[PDB]
Every structure is written in structure tokens, then in C-alpha cells.
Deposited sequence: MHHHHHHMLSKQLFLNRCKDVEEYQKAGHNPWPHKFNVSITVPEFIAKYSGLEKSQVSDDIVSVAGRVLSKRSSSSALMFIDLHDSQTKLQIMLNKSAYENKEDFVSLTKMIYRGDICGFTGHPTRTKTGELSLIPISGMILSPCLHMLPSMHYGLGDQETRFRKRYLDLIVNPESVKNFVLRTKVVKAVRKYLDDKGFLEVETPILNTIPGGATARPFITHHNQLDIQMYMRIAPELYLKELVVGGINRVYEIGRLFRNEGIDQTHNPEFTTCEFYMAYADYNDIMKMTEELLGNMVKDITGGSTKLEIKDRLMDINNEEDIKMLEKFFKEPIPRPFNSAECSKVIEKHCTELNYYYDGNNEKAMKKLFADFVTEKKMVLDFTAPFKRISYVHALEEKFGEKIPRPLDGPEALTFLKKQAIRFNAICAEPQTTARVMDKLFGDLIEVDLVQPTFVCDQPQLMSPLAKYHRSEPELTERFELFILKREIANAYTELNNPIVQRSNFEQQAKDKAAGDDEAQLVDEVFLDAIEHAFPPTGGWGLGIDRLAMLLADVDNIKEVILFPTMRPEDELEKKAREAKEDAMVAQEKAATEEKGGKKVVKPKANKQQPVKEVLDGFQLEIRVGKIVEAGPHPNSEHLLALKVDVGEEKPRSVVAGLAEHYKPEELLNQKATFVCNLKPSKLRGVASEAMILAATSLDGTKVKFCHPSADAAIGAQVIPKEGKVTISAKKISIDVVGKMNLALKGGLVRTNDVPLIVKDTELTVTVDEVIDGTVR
């Protein structure tokens, strides 16, 4: 008989509650006035010591994670609020309503949300506590909360029921608080620099020239097929055309592709565009911003990740040129026209020499990308900008102002992976048109609106993009993106894994009762 005991416990718990409601007690009261939060409590009354009782009358509320008593007239409750704990010493002699004292002290179940009003104290055991004059059930818990900790690992039982995870693994909250701290740090930095935070469409009537598979939907009244955005770039750029010099958007993007530890179907990035700025300015800005972030997290620009290891966000960051690093380790330089014959015939040599086996098709772009990917990326642990990618690698970028066959852009690598990137955006409408068309033919309708917009003179502009989820990952020292996303996209379980899950869920309980 499938999950026999937890059904039994749910039913008996509902019973307990409604009989507690006839008994005269409203299990879900409308308002309990909380005079102080338990972190504030700890901050205010830590100066107390053993057996010393404050004269104050404060009221707190949270979730019971421990109910244990050494006597019928003396109970000890671990109440949890904002991921910190305060003990509740329920002493009968100190409780006003002796009749209610009993009823409350029996009805309380582990998991119940409770409120208590009483005197701050520190017991003879050193444990900071509150001695209630009056308490009340604020919301009864109808299920057995898992032990503490539970779900380490087995990530799916955690992420499917995030509300349980945050309770039994409170440390995980530290992660999300970091993430918010990140986005704020971004916004502030940009806002203080005259940027206008805006909102551009998520639904588009044009799929975009990007190769990534988009989520596809349909608008009924207009009877048209629409697509979810892959990036806000075009609209933002149209805003810079429109006269808003500095714009930014921290938005939700959508890719209908695979799901792994670094990919979620819907993710969050930050893009900004800044008129009359080049990728150098954006580099300094990036150093500045990430710097301030890390120095909030710690105090110095140096962080420590996983035993230990240090990540030095001290300005300036390392920076290297692409083809200059490839030529730095190949032996000597590379043939001119990089997209040419001699350069590919040359590339293949180190693409059989340096333990590098490239793939098919063997495009110059591909052998160059793999040679840089296995070879140069490997020991890029410290924050470093890889700059001046070739036109071979950069279709929609602007040519480098000095040295030929290169472009003005960079990719910020930290800990083997790409965190952010920037460009001296291409503002040539003719070239942009050619590239857009050539792109559309390559993937075989183009965004003529945007082409028109930039045809109305798009100012020299610096573009920047940051992976919010991945930056959060890197700063929380986690290797799974679901660790920095509250409700990551889960494959809906059928009744197989469901049945197994519940079955184990009883295996625990039967392990207790026997």
C-alpha cells in the first residue's frame, strides 16, 4: 500500500488541526504583530548573560524546527526566522494563561509557524532565549518536514520542492541573497553613470538571425506566430539611435535547447549600450564593477574559491590577444590572410601536433577555435580579457582600428569559462545589412526595422553583456546553475520516479518507528 504512513500522518494532522479549531483556537490567525525579528533580537539582547532576564516585552514569529521538553511545565523550542534560530523557553510559571499554556504546548508540531510574546533572556546554559507570556499557532504544518540536513546531494528532490530545500538547507539561501546582491551592484554602477534601465519586448514577430533555437508561441487576435527573445540587443541599440545615450536591461532570455549544469531554458543576462565609448572603456568599467562586487563580498578585491584557491579581482585584470596567444604557443607567427589557404594548411600542423584533434568540417574558424579552446583556455583561471578576435571568428563585429584581420571586442574569462563580453559595436549600416542578409542565407526574413534604425545614423557605441546566472555561480563557488536559480526547469516526473520517491519517503519514517 503505497506511501501508507505519510497519508496517515496528513489525515491525522488535519484531524488534530480541526479538533484544535473546535477547541476554540483559530489555527490560521489573521494578524500577529511581530515586534522584532530574531536577527534583530540577537543583535539587541546578546549582551545578556546567564539567568539574566530583560524587562522588555517583545514578540517574535517563525518556524518550529525543534520541540523538546524536560518537563511538563518546561518546554524548549528552536524557532527559526531569517535562517537564524532563537530558543523559546516555555515555562508554565511564566505563562499568563495556564489553561492555554497546556493546549499550545501540546498542539505545536515540528514545522508549525508560531508567534510568541515574552521576555528576552539568556539561560544558565548560555543559550539566548525568550520566555513567553503568551504564544499562538500562526500556521500548522500538515506534513513531516525532513531532517536537517536532507538532500545532499540528490539535487532533484531539492529543486523540485525548493520550499523544502530552503528550510532543511538554509545555507542555500546565502546563494540567492548573493545573486540579488549582484544585480543591485550592476544596476547601481550603471545608474550612477547616467544609464537608463529599460524594458524591451520578450515576444517578437521576427525570429532573429541567431542560430539558437527559439521558443515559439502564437498570438490569437493578430493570428501571428511570435518568438521569445534570444537577446535585447537590437531594441536597446534602437534606443541609442533614438537619443538615449546610455541604456541597459537586466532581462530574461529564452533558448529552446538542452538542459545541463550550465544551461537552463530561461536565463538572465545584463546588456548595456553606451554611446561614444569603446571596448577599452568597457574593460575598465568591468574591472571596476566586478571589483566593487567582490570587495563587498569580502573587503578586498581578492576572493577565495574551492582545498582552497584565490581569485584575484585586483585591477587591472590580465589581458591577452587571441592570435597573439595562439602564435605565442604555436612556435612562431601565422601566415597572412588567416581565412586563407596557407593559414589553414598551417593550422592543421599544430592541429596534429599539440595533442589537438580538431573536427569536421575543418573550417579555419573551427580549427582556430579548437586550438584556442583546448590549449589557451585551459589555464586561464584568473580574470583575463581575451581581445582582438579575428573577423574569421567575429561576423557581426567592427574591424580593429589598427592591426588588420582583427576586431574590437573582448571576452572576459574567469575559471575556465566566459563570464562577460563587450564590443565596439558595428555602426556601419551597409556592412550591417550585408552581414544580416549573408547570415539569413547562411542559416537557410531579416529585421528591416533595425536596419532602418541604424541607417538613421547609429552613434559610435560600446556594448556589454554579462551572464547573471553564471557570474552568480562563480561567486557562490558552485558548479551547478540550478544552485543560483530558485525554480530551475525540471523534467516533469511520471509515476515511476514519483512512486519511488514517496516509497523512500516512507522508508525514512518506518526506519524511525521501528
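What ranges of the deposited sequence are left out of this structure?
In sequence order, the gaps with no modelled C-alpha are 1-4, 311-376, 515-521, 592-777.
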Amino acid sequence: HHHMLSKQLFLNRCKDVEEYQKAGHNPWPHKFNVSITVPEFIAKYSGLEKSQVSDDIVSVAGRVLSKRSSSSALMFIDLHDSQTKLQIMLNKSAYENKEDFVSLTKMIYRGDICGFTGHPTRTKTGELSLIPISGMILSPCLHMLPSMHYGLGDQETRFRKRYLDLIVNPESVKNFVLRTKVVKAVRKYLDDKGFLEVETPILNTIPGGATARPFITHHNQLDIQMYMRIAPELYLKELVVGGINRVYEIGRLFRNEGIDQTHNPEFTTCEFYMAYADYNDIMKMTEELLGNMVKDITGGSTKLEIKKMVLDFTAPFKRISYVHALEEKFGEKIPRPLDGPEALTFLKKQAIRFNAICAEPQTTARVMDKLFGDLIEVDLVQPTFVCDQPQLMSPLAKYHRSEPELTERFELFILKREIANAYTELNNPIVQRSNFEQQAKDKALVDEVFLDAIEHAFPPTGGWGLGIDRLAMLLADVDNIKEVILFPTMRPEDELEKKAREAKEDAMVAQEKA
From here on, numbers count along this sequence of modelled residues.
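Do the C-alpha atoms of 369-377 or of 430-438 have the higher average B factor in the entry?
Mean B over CA atoms: larger for 369-377.
Would you determine, from the values in the PDB entry, which of 170-178 and 293-301 has the greater average C-alpha temperature factor?
Higher mean C-alpha B-factor in the PDB entry: 293-301.
Which one, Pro232, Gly194, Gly242, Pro341, has the peak C-alpha temperature factor per the PDB entry?
In this record, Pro341 carries the highest C-alpha B-factor of the candidates.
Could you check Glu49, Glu40, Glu448, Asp479 and tell me which one carries the biggest Cα B-factor in the deposited entry?
In the PDB entry, the greatest C-alpha B-factor among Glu49, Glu40, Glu448, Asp479 is found at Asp479.
For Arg158, return the chain-relative third of its C-alpha B-factor as stated in the PDB record: lowest, middle or highest.
For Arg158, whose C-alpha B-factor we compare with every modelled residue in the chain, the answer is the middle third.
Going by the recorded CA B-factors, say which third of the chain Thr489 sits in, lowest, middle or highest.
Ranked within chain, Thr489 CA B lands in the middle tercile.
Once the chain's modelled residues are ordered by C-alpha B factor and cut into thirds, is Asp165 in the lowest, middle or highest one?
Its C-alpha B-factor belongs to the lowest third of this chain's values.
Chain third (lowest, middle, highest) by recorded CA B-factor, residue given as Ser70:
Highest third.
What third of its chain's C-alpha B-factors does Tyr248 belong to: lowest, middle or highest?
Lowest third of the chain for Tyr248's C-alpha B-factor.
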